[PDB]
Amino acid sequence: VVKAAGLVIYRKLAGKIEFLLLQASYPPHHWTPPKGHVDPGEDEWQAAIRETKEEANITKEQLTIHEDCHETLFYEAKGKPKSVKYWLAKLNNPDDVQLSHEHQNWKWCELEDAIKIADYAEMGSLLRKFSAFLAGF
């Protein structure tokens, strides 16, 4: 299995939870939170943080990462199984997202909209789980 990781970044805007999604610049132009392959020497944690910095220009210092809220998605990518481990992370301040060549747009999305845009059933279930976690947090 090809291993990847990322961070489900959220913010609270005027009391409302919103999740950050990024639109790939390459077809199928799907939307996911910042995430990427585990690179040599890294574990999932390191990869999730680095990919977040690379893809959205959000640093570890700008985030409160909830270590007790993580989930791993499994799906076929490039004819092979791929795992993507995500941790939930709060963007504390009104920092500005900036993209790299890997993405062409972004959106801050309320739960239902995020699920619709992310489109994949398993990602949807993950977002619901993470939303439920914040409700009890």
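The numbering used is simple: start at 1 and walk along the sequence shown.
Between 48 to 56 and 71 to 79, the higher mean Cα B-factor belongs to 71 to 79. For the set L21, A24, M123, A14, the maximum C-alpha B-factor listed in the entry falls on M123. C109 sits in the lowest third of its chain by CA B factor, as recorded in the PDB entry. Among all modelled residues in this chain, the alpha-carbon of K85 has a temperature factor (C-alpha) in the lowest third.
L134: CA B factor lies in the highest third for its chain, per the PDB record. Annotation for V8: CA B-factor lies in the middle third of the chain's modelled residues.
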